[PDB]
Every structure is written in structure tokens, then in C-alpha cells.
Amino acid sequence: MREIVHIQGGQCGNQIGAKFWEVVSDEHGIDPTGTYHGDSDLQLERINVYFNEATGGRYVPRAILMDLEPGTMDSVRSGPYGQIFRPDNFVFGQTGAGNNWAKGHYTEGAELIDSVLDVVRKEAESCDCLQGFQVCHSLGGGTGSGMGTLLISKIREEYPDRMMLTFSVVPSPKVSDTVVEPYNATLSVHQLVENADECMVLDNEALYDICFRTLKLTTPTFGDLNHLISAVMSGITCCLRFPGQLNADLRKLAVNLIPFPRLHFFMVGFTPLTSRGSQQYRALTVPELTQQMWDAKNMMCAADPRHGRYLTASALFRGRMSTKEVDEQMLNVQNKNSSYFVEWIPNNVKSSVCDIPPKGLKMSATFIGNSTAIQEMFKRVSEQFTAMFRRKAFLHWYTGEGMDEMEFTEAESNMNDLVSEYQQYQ
Amino acid sequence: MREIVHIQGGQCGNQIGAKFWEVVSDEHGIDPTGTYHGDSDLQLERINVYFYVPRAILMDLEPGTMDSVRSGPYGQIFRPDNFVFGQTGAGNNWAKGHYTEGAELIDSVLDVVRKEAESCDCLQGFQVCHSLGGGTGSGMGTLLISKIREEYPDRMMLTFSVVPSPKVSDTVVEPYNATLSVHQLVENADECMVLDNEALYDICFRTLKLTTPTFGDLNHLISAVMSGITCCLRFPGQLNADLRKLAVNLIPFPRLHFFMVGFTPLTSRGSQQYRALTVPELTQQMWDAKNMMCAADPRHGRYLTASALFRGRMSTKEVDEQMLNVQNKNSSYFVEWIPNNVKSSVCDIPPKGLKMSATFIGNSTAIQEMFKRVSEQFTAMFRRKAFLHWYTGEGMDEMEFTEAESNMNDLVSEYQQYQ
Amino acid sequence: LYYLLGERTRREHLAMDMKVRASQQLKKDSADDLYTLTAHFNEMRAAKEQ
Amino acid sequence: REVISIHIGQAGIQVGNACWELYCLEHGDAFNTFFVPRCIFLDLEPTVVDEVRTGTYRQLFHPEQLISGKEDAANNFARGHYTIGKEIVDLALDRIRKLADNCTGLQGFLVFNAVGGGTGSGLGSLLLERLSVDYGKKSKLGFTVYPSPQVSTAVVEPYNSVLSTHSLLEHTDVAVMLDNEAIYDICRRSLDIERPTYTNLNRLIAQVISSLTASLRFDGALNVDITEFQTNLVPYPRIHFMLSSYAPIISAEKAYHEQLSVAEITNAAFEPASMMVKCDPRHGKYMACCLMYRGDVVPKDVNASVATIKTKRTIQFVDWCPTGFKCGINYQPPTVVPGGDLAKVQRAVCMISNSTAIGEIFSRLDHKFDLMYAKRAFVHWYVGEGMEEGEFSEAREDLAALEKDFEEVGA
Ligand SMILES: Nc1nc2c(ncn2[C@@H]2O[C@H](COP(=O)(O)OP(=O)(O)OP(=O)(O)O)[C@@H](O)[C@H]2O)c(=O)[nH]1
Ligand SMILES: Nc1nc2c(ncn2[C@@H]2O[C@H](COP(=O)(O)OP(=O)(O)OP(=O)(O)O)[C@@H](O)[C@H]2O)c(=O)[nH]1
Ligand SMILES: Nc1nc2c(ncn2[C@@H]2O[C@H](COP(=O)(O)OP(=O)(O)O)[C@@H](O)[C@H]2O)c(=O)[nH]1
Ligand SMILES: Nc1nc2c(ncn2[C@@H]2O[C@H](COP(=O)(O)OP(=O)(O)O)[C@@H](O)[C@H]2O)c(=O)[nH]1
């Protein structure tokens, strides 16, 4: 019935989804060949939301990998659970954009977007009742940010009635890989505020913090970071896939968390995440799950919400849980730290429970908090953007491609009025 | 009971027909030695339609094609008396292949086909595989069509004809042959299924994703089409539709008998197990414009009529909502003064290797583009009489090319008129 | 004198070649414009039939 | 499916000494089209013929087939046409008749001659005249050697070339031009033989001949017989002179390093630096091309290569012919000769096209002929042999008509 299609853009997007399809297919008990081998029938009744039966027990994931470099796609197909994607969905250029938002939005976008749109159209009309779309990309690169954002714009002109998620990492000053990060972040966000339904902001700085303190990994490569991100993303859309005592679908969660149409950048967390050293020394009860959820040091963004105020918040619980204990524990953490919560909305937290924990655990949680501290990030990025544009550094690699100076003034103006209006609602 | 006689002309026709009898003999379970080894008894009941020695007549003007026929497998199954065969060779000269060399081979090919026709009781029709670019294939095959209609006027007649395209151009005198061949086809053949190598190479690039599509696979694709179109005779179905019923459902006007063809399912070896086999999925591959086997995009015009022959255990209900959906969705691409422009048919026996197959036959009005695409090249060459003396010094005069021009010109006019 | 006449003629012939190359670009993209624009005409045609 | 080959003059039979060495080596039913060979060497000087009689192929050739006269033609068209030809030509054609009688499905004759000499010009034209009377309808493939502009071994060769071409118009049906200076440049540039002789030239001429007859000897994916060149390449009855080229003419060292495929060799067959005639096809406009493919070649890439050629603009095509190609694919790879200077190749291409650059060659020859003739230099030798003053001027005006024909058709 309700259906979600998957879209992965750029190199970062391709690896995130690869670990995602491995984890989900594991949850449904499908082996890397693509055949059903599950035990109960709780798993079989809701595999139409993500997969399609092909022939004689063959289930193919409904995903589309889209990028511009051959190596990135090849790596997903070499590894396990790479042999499960349908080869038609490997929409793929040949030249390359290379961290140029202009090349990703005007030069190479204009000749690849039509083809990936055809795959998206076929994948959308292959199902009956759309629930929404799911896009993973970055905001620093060019082939993921600019191309992916134009993909978002094309969809809003095609399907304006359906939902839309975008999982986007943002560049930080402390974790700053490339040099054209501000010229990409400002224009990408500019297009995100006018096209995306809701955006769930991520960043690499917070990812490094979690992997040192809580996870205590020795060599945290990208496989494990994507392991965290995939477990969190599965937690959002568990409610469409499994029955629970209190169901909260995506559109239900969106209308509960977005008080104003422009205020749709969310901060995330996940529980429980422990080292294998301290796994044996704690229990699994609702208090241990809630304190690790609402910890500011456990958030999956580098924006301390304790530097602002929570507008609304949501928690999606998984496992055989009692809703009485759910709201009383949620109410307790909302009453003590009352100053961090907005005043003119009582009970700022929407909550839901699902009865199927992930494999290997008895109880997990996922936090999605629409805070106001995100204005710090836009200031922290916009000042770097303004610093370069005042004396035109790197300007000609975009200007000589088709953008003018008025496009940058537009991008800064929209960020400026957004930060001003976030500060107003603060 | 109902009988189909096969006739293969020219080098192109012979190699297509060689692959055709390979596939049919495989379906009927007859070994390359000529003895039955099949499993089901449904195949024995309707094997007289094609047979165990095949009921075919190969005809050409160069021994290489005949030698290459008996060399390969399923070459020991033809009756050596049916290898009616000249010796000199026309060689890409329509006048030679239609007046000079035909005038002495045609009497012998007519004798063998007449013996092969009266050998059975009730003919359904004839089935001719040939080209429109070469000389000994097009011209001789064309004259054979005219001679047959004089002797057998009430019998059906199929012509699987490939046409030249400027993107895939073999010889230099291609338009001189294509224009004249059409001039005879428009008044002689009952219906023609237009093919061309450009669309075939394009299919093997995108859908089949083959690296080196030699002539074996192209002839394999055309063969699958010809096996699919006559499945209704050879096997019972939940709704039968023989050759005659397709013609009367598809041809609204007596000069509109040039069809475009497609086939489903066609998938690469890599994506072979990653796919499903459902009626809606086959319909999206049927009505795709990049799946027609002509270089005439049907979405540049309107459809007049269309048909889909299905094979396999199917539910007729699914057939009807898919056909009505495709008609109600894209209502501009279909003609307005005929409601329910789609004819359908079901047969219970799939081709060997598949569970569910389909064959599309679309009578569109986008065909006038390719015919104008041809008349352009012909017009320029004829104006300064290029290459004309190799035809004129044989009996052909100038008014013949003008007559073929007029027939080419007024055909595309009435396609535009009915558009 | 002839050694330099040759250089001026070579310059003139190259000035024509880079022009010929630019002319092919105009030919190609204009063909693309016809395909996209006739699609626009069909869409408006479809709109009025409905 | 049989074709007989006659060889005229010192140049014709030396070329034949390479052709038949290649044929017998290649065939070690397919041999029926050539095999005793179906040949007649004929010459007016017995020195080169007796080289064949005492050579290694003493037993291969039937003794009568080797025709040899008693005295030379003295590099005089007139002497080799009216004085000495009259005695040898009757014996030659009395042999060709019963060789054709032994055959059943004769495709045609193919002749080898050089137009600069006396025998190749004089009795070569005479033999072609009487064959046209006797058969007429059968194709005659004329592979001539015209004299080069700057490289020359004779003095009066303009006289012979004009006087030979005048009959070469209405007698041969297919005529292939091969200069010597151009092939010298080919063997120097691509084969890197700095000191070539006639033997190397004659070896790669045989490679070209074998490539265009391989469609008869062996079955291919797309066969093309001797009647196809007759039709697909001759747009008008008076324009039959074809540029030839072959690829890859590569030395052993270079070939292994190079990746030979259809697209690049189809390109290499169209540059003027690899043609068998010193002429500039850029100066002309192509009428129709014919592409012979041998070896591992599928129809896709030959069609892909021909598409890239038609879209390039350094070479232009005529307006009266949009589809100006006739391709042909054969399975058998080209054979090699031990001692030959070519390496084994997976696939080779022979191009035979028609353009108006040839129209430039005839004007260049006419000027040299015109200069000497006005003051009647060297005319008295031919007149004493039996000719007169009339036929020089009338042959001159015949070439003038041909120049006008090329300028008009190219318009
Ligand atoms: N007593 C009791 N109340 C329940 C139970 N489940 C849900 N509710 C109540 O239902 C209220 C919200 O309405 P729901 O029934 O959950 O949702 P809905 O009415 O279908 O509306 P939608 O969410 O838009 O589908 C909450 O206030 C809960 O108190 C239950 O199992 N027992
Ligand atoms: N390619 C090639 N050309 C040759 C060869 N021998 C002579 N020629 C050419 O032949 C022309 C000179 O005329 P010849 O062939 O020698 O005259 P001929 O055929 O012997 O006639 P006569 O000498 O009068 O008996 C020049 O163009 C020579 O380059 C050869 O072995 N190979
Ligand atoms: N979490 C995570 N981040 C990644 C991964 N690969 C790349 N990144 C981030 O992506 C940023 C650069 O984006 P890039 O890959 O060039 O984007 P694209 O080229 O447009 O597809 C860097 O700051 C990395 O931190 C990954 O596997 N996991
Ligand atoms: N599909 C297909 N087409 C072929 C084949 N062989 C030749 N052709 C086409 O036929 C045309 C040449 O026809 P030809 O065989 O010379 O006809 P003929 O000389 O009269 O026998 C070319 O344009 C080819 O594209 C084949 O095996 N399959």
C-alpha cells in the first residue's frame, strides 16, 4: 500500500545506502542471493514497501544508485549485497563534476537528470500508493549536492503531493574537507528551503565525536559510520514496515514536528549504542534509553541543542514496550529541563512504539528534534561564504559557467532572512 | 488442415529463413536429423502447418548461400529438390533480378511452389522472407509475389521485408531498389512487417546490451517474431486469432498494409533473473517506442490500429484493463474516429525457455516519415540520372522510376490525409 | 616573400577551419532544439484535444 | 565461379610472378576459381618469360600458356600495336578461348599492364579490343600503371599513356590506377624500406588483388562478387578510374604494438598518405566508395566507422550521392609470404573509390604530352611504325573531353 522509493546520490550517498540495504535485508531474513529464508511471517507481509518480488523468491531492492564516477558504483557491486540491485537502476555519467555546484547544477546536470528521472518515473509508477521519496546526498560536493538538489526540484514539479526525506551531511569548519564547501553549502541550502519537504541535517564532526567516546572504536572507517546512519534511518521508517501499539507514519510525524513551513531541519540521535566493554554492565530499561537519547553529547549533529531551545521533539521506540512507561519517562525529562523547551506549546513531544526490535537487541530508540540551535550552523557557514565573496575568491569557476553575481546575493539573502527568522522564533 | 508454405529469397532471406526453421523445428521437437523427440502431444497435432521435412523453398542466385545452408546444422533437413537455385547472380541490380535473371529462374521456382501448394488441402497463406536493398532478393522475390497472386488470389500472403536506412546503408543503389520494391508491394502483398538494421542494431545496443551483435542474433530476433505470429494456428488458446483475423482487424484501408513490429520480453543476460514476468510489465515494453523494429518513431504520429498476441497461461481480465488503460491514458497518440483501437489474442503455449511472451503489431501513421526519408535520397540521385544506365540498358526506362516516385508520393499523402 | 605568403594563406585557411567547426556546433544544437520544442508542441496539442 | 588472369609485358608478368606465388601459397573446391593455373603470360621479349620457364614454377605452368615473342616493341605504342602485336595477339586469344571453354561460370577476365611501355600499351589495348568483340558482356578488370609526374624511367611515356588511355575508356569496364612513385612513398613511409625494388611493389599489389577476389574464393558474412564493383562504383559509362588503398601496410615491428581495429584502419584507408596513386583526393569530391574487409570483422563497427567518415569535414562527398558506400566482409584472414615484408594481421581493408582527383592527373599528363607534340618531337618513330599525324591530335582531344566531363559532374 504505502510505498517508499530510495535514491542515493554521489559517493557518500552510495555507501550509506549500501550498508542500509544490507541491514534491512538482514532484518527481513533475505540472503545476499536475494531469496527468502525467514522463519516467521511477521517479516513477509510488509516487504512490498521496499522490495519487489521478481521470480520464484527473488526480491530486488527498490533503489536507484546515481552518481558520475565509475569507481563509486563499482565498489558497491564488488562487495556483498551488491549483486541484488537491478542493473538498470545504475544511472551513471562518465565525465564528472568535481565539487563544482555549477557543473553539478547547470553543466552536467542538464544531460543526466532526464535519464535518472526516467528511472525514477518507472520506479514510482511501478507501485500503487506513494508514501514518499527518500534521498541521501551531501552538501559539500558537487555531483551529490548540485545534481541531487536539482533532482529534488524536478520531483517537486512532477509529484507535489508526496512526501520527501533528504539525509544530508553538512560541512563544518572543524571537519572541512574541500575548499569550495561554502560556495556549495549556501546554494544547496538555498534550493533545499524551496523544494524539500523536510531535511534531516547530519554532519561529519558529530560522527567523529560519537565514534571516539561512546562507540570507542579503534579504526572507525566509513563502513561503521554508515552503520550508525543506516540504523538511525531504519528507525524512522520502521512504522510503515511493522505493526505497533501506537503507529506514527512519516506524514503524521512531519505535521507534528514542523510548526512553520520553512522550519524543517532536524537533529537526530539513536539509542542504545555501547562499547563491547560496557555492554555487559548495564540493563535495558526505559530510563537507560531516554537519558542516552536526550543527551546533547549523543546527538548526531554538531549543534548543541542546549545552546538554544527545543521547539518540538519526537521519539520512535522499538520493542515490546508499555506506552504508560513511555509517556511518563518522556514527561519527566520534559519537566525537569523545562527551560530548554519552548513555552507556548505544552507536551512538545510526539511519541510512538513499535513491537519489533532490531536483530540482536531487545529495545532501541530514535530521536528527531526540530530545534532552534540550527541557526548557529547557518551563521557559522554563511560567514565563511561572505568572507570569500567579498573579494571574489574562486568566483570565476562559477561565474564563467553561467551564474552571475545576483545569484550569490540571492543565496546570501535567503540564508540571512532564514537566520533572522529562526532568531525571531527563538 | 490450415497450411503455411515458406519461401526464402536472396542472401538476406536465406539466412533469416535458416534461423527460422531452426527455431520452429526446435519448438516441434524435431531433431536436426529429421525425427521426432519431443515431450508433449499438443505439438504433434498441428505440425502439418509447417511439415518431418519442412515445407520451404529456398531461392537465390549464388551457391555460397546454399552451401552455407547445408553446412550448418538443420541443413540436412531440407528436401534437396526444394533448393531451386540459379547459377549466375543478379548482384544488386533490380533490373537484372527482375527482368534478366528472373526470367529464367522464375519458371522453376513457380513449379516447385505449385507442387508444394497443391500437396496440401487448404492453404492459409504464403510466407516470404526477403530484403528491399539487394537485387536477387528484392527483385526476384518481388516478381514471385506478383506471379503467386495471379495463380492464388484468395490466399493470404506475408512478407517480412527489411528496408534500407541512411544510418545503416550497405550499397550505393539502395534507394533505387527500395522505391521500386515498394511500388510493387503496395499493390501485391497482403500485409508487410517492415524491418531495418538500424532499429535492430539499436535494440541490441540498449535492451539486449550485447557487445558484438553479429547477423546470427538479428536473424534470431526476426525469427522469434515470425514464430510468435503463427502460434495461434499451431496451438490451442483461450481466444484464437489466425492470420486472416489479424489482417481484417488491422487494415482499415486497402493501401495501409505496412506494419511495424516489436517483441517482448527482451532482456540482457545480466538482468535476466532480476526481472519479473507480468502482463503490465510486458505492456510497458510493448508500447515503448524504442522497442519497434523500424526506424520510424511512432510517437511522432498517431496509431491507426494495434494488436498484441500473447502466449502463456494468462488471465484474460488482465489483458483488458491493460489495453484500455493504454488507450485512455495516451488518447492523443491514437486516432479518434475509431474507438477501442486494440485487438488482442491469447495462446496457451509459450516459446521454449520463457513463461510468458508477447508480439506487437502496430499500424501507425509514423510510417510516412521513413518513406519520405527514402524518397529524398532517391529524388536527388534520379534527377541527374546517377547509376541509371546499369538499369536502363536492361529494359527499364525513365517513366518506371517516375511511376514508383508517384506511388511513393501519394502513399505518404494518404498517410498524412488519414492522420 | 613566398615563405611569408604561405604563412598568411595558412592563417586564412585555419581561420576558416575554426569557423567550420563552430558551424557544426550550431547545426547540432539547433537539431536538438527542434526535438525538445516539437515535444512542447505535442504537449499543447494534447492539452487542446483533452 | 572462376576468373582467368592475363599478364602483359615486362611489368604485367613480373606482377604475376607475385600474384601466383601468393595464390598457390594461399590454397596450399575453393581453389577451383584459380586452379594448372588459369593464366597466360605474354610478352614480345623472351628474356622475362624464360625466367619463368627456368624458375621454381617450371612445373606449375602449362608450357603453352607462357607466350613469348621474338623481338621487343622498342617502347613504341605503334610498334607494339601494328607491327609486332599483329603476330602474337592472334595466338594469345586463341588460347584464352579454350581456357574460357574449360570454365563454366566465368565471372570475367582481369588484365595487368603498364601503359608507359610498348607491349603493355600497344598489344594490351589490341588484346582488350578483340576480347570486347568476342565476349563483350563479361567484365574485364584493368589494373594499369600510369606514369608518375616526377619519377620516370622513359622519355616518350606521355605519348604511350595518352594513346593507351584513349582505348582504355571504351574497352575495360573497371580500371584501377597504380602509379610507381606513390607506392615508393608508401614503402618508404609505412613499411620503412629505404631502398625498395620492383619486387616489394609487386608483392603488395598482389595483396590488393587477392583481397578483392577473396569474396569468391571463401564465404563471408557479406559477400560481394565481381559484378558489384561494376554497378556500385561506376555512376556513368565514361567515369571508371578508381583510386586504390590498403590497410594496414605495416611492418612487423610496428604492427604488434599497434591495436588494429576497424575504425582506425577505415580512417587510414582514406588519408592521401596511404593511396596507390599520387593524387590529392582532398582536391576532389568523392562519388562512391567500396570497402573490402577480411578477417575478424562484424558488421557493426564497419557501419560505425563509415558513419564517422561521412560526418568528418576534411573530406567532402558529392551532392548526387548521399549513400556513397558499398561494404563487404569476408572471414578469411590475409595470408603472408615467407620473405614478404608484411606481418600477419587479424583484419585488413582494401578501399576502391572514385573521385575527381583523377581528373587532375589527366590534365597534368596532357601538359607534358602537349609540350613535346607541338614541335613534333619523337613523332617520326611512331609514324614510321605505321601510324600518322592525325591520331595524336585526335587522342589529345579525347582527353580534353574527359577533363570537361570531370569538371561538369563534380559541379
Ligand atoms: N486506551 C487506549 N487508548 C489508545 C490506544 N491506542 C491509542 N490510543 C489513543 O488514541 C489516541 C490517538 O488516536 P489514535 O487512535 O492513536 O489515532 P487515530 O484516531 O486513528 O488518528 P490518526 O493517528 O490520524 O490515524 C491517543 O490519545 C491514545 O490515547 C490503546 O491501545 N488503548
Ligand atoms: N609495379 C611495377 N612496375 C614495373 C615493373 N617493371 C616495369 N614497371 C613499369 O613499367 C613501365 C615501363 O614500361 P614497361 O612495362 O617496362 O614496358 P614493357 O611492358 O616491357 O613493354 P616493352 O618494354 O616495350 O617490351 C614503367 O612505369 C615501369 O615503372 C615492375 O616489376 N613492377
Ligand atoms: N558518513 C560518511 N561520509 C562520507 C563518506 N564518504 C564521503 N563522505 C563525506 O563526503 C564529503 C565529501 O563529499 P563527496 O563524496 O565529494 O560528495 P560528491 O562527490 O558530490 O558525491 C566529505 O566531507 C566526507 O566526510 C561515507 O562513506 N560516510
Ligand atoms: N537482418 C539481416 N539482414 C541482412 C543479413 N544479411 C544481409 N542483410 C541485409 O541485406 C542487405 C543486402 O541484401 P543482399 O543480401 O545483398 O540481397 P540480395 O543480393 O538480393 O540477395 C544489407 O543491407 C544487409 O543489411 C542477415 O543475415 N540478417
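Every read-out reported here was derived from the displayed coordinates using simple, explicitly stated rules and does not represent laboratory data. As a convention, Cβ positions derive from the backbone with ideal geometry for all residues, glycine included, and neighbour counts pool all protein chains shown.
A few points about this structure:
- Within the range D:48-73, if we keep just the residues that are assigned to a helix (DSSP H, G or I) and within 24 Å of the chain's Cα centre (by Cα), the residue that is farthest from D:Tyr198 (Cα to Cα) turns out to be D:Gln65.
- Subset of the range B:42-97 (residues that are part of a loop (DSSP other than H, G, I, E, B), surrounded by 18 or more Cβ atoms within 10 Å (Cβ to Cβ) and within 14 Å of chain D (Cβ to nearest Cβ)): B:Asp60, B:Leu61, B:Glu62, B:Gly86, B:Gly89, B:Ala90, B:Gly91, B:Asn92, B:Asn93
- Per-region count, the range D:39-82, residues buried (at least 20 other Cβ atoms within 10 Å of the Cβ) and charged (D, E, K, R): 2
Condition check ((1) within 16 Å of ligand 2 (Cβ to nearest atom); (2) part of a helix (DSSP H, G or I); (3) among the small types (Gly, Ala, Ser); (4) in contact with a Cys (Cβ under 7 Å, 6 or more places away or on another chain)) across all residues:
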| residue | (1), (2), (3), (4) |
| --- | --- |
| B:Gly135 | no, no, yes, no |
| B:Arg149 | no, yes, no, no |
| B:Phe160 | no, no, no, yes |
| B:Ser165 | no, no, yes, no |
| B:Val172 | no, no, no, yes |
| B:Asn177 | no, yes, no, no |
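- Scan of the range D:294-333 for residues that are crowded, with 22+ Cβ neighbours inside 10 Å and more than 20 Å from B:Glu174 (Cα to Cα), ordered by number: D:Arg294, D:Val297, D:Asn330
Condition check ((1) more than 22 Å from the chain's Cα centre (by Cα); (2) aliphatic (A, V, I, L, M); (3) outside any strand (DSSP E or B)) across all residues:
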| position | (1), (2), (3) |
| --- | --- |
| A:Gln292 | no, no, yes |
| A:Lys297 | no, no, yes |
| A:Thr312 | no, no, no |
| A:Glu325 | yes, no, yes |
| A:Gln334 | yes, no, yes |
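- Scanning the range D:118-171 for residues that are in a loop (DSSP other than H, G, I, E, B) and either among the basic types (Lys, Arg) or in contact with a strand residue (DSSP E or B) (Cβ under 7 Å, 6 or more places away or on another chain) (or both) turns up D:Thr119, D:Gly120, D:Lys137, D:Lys138, D:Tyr146.
- Restricting attention to the range D:278-325 and to residues that are within 26 Å of the chain's Cα centre (by Cα) and β-branched (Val, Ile, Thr), the residue that is nearest to the other protein chains (Cβ to nearest Cβ) turns out to be D:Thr323.
- Residue check, B:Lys147 over 25 Å from B:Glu376 (Cα atoms), within 11 Å of another protein chain (Cβ to nearest Cβ) and either basic (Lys, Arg) or surrounded by 24 or more Cβ atoms within 10 Å (Cβ to Cβ) (or both): no
- Helices (runs of 4 or more DSSP H) lying entirely in the range A:353-426 (those with 3 or more residues that are aliphatic (A, V, I, L, M)): A:374-389, A:405-425
- Test: residue in the range A:19-41 that is more than 14 Å from chain B (Cβ to nearest Cβ), within 15 Å of ligand 3 (Cβ to nearest atom), among the basic types (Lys, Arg) and at negative phi: yes
- Scanning the range B:208-227 for residues that are surrounded by fewer than 19 Cβ atoms within 10 Å (Cβ to Cβ) and of a type in the set (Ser, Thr, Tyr), we see that the one that is farthest from the other protein chains (Cβ to nearest Cβ) is B:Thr211.
- Scanning the range D:211-224 for residues that are within 12 Å of chain B (Cβ to nearest Cβ), surrounded by fewer than 19 Cβ atoms within 10 Å (Cβ to Cβ), touching a helix residue (DSSP H, G or I) at 6+ places or on another chain (Cβ under 8 Å) and within 30 Å of D:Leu365 (Cα to Cα) turns up nothing.
- Subset of the range C:4-50 [of a type in the set (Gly, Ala, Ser) and away from every other protein chain (no Cβ under 11 Å)]: C:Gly6, C:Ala15, C:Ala22, C:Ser30, C:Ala31
- The range D:172-203, residues that are in a helix (DSSP H, G or I) and either touching a strand residue (DSSP E or B) at 6+ places or on another chain (Cβ under 9 Å) or within 16 Å of ligand 1 (Cβ to nearest atom) (or both): D:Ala182, D:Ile186
- Pick from the range A:240-272, criterion away from ligand 3 (no atom under 16 Å from the Cβ), of a type in the set (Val, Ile, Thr) and surrounded by 15 or more Cβ atoms within 10 Å (Cβ to Cβ), ranking: farthest from A:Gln43 (Cα to Cα): A:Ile258
- When A:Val268, A:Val255, A:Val232 are screened for being β-branched (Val, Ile, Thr), under 19 Å from A:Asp197 (Cβ atoms) and within 16 Å of ligand 1 (Cβ to nearest atom), only A:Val255 passes.
- The range D:101-152, residues that are of a type in the set (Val, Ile, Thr) and under 16 Å from the mean Cα position of the chain (by Cα): D:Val111, D:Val115, D:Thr144, D:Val145
- Yes/no for D:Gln107 being within 16 Å of ligand 4 (Cβ to nearest atom) and surrounded by fewer than 24 Cβ atoms within 10 Å (Cβ to Cβ): yes
- Residues within the range D:257-277 that are over 30 Å from B:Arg384 (Cβ atoms) and surrounded by 22 or more Cβ atoms within 10 Å (Cβ to Cβ), tallied: 2
- Taking the criterion of being assigned to a loop (DSSP other than H, G, I, E, B) and of a type in the set (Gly, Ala, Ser), the residues of the range A:1-41 that qualify are A:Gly29, A:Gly34, A:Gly38, A:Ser40.
- Test: residue in the range D:20-40 that is among the basic types (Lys, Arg), within 25 Å of D:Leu201 (Cα to Cα) and not in a helix (DSSP H, G or I): yes
- Qualifying residue in the range A:248-258 (condition: part of a loop (DSSP other than H, G, I, E, B) and of a type outside the set (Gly, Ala, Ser)): yes
- Boolean, B:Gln273 is assigned to a helix (DSSP H, G or I) and either within 12 Å of chain A (Cβ to nearest Cβ) or over 30 Å from B:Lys372 (Cβ atoms) (or both): no
- Taking (1) within 14 Å of chain D (Cβ to nearest Cβ); (2) within 21 Å of B:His257 (Cα to Cα); (3) not small (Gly, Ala, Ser) in turn, B:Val168 satisfies each apart from (2).
- Filter result for D:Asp101 (assigned to a loop (DSSP other than H, G, I, E, B), away from ligand 3 (no atom under 16 Å from the Cβ) and not basic (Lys, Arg)): no
- Scanning the range B:111-132 for residues that are more than 20 Å from B:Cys192 (Cβ to Cβ) and surrounded by fewer than 17 Cβ atoms within 10 Å (Cβ to Cβ) yields a count of 8.
- Note on the range A:98-133: residues that are in a loop (DSSP other than H, G, I, E, B) and within 14 Å of chain B (Cβ to nearest Cβ) total 3.
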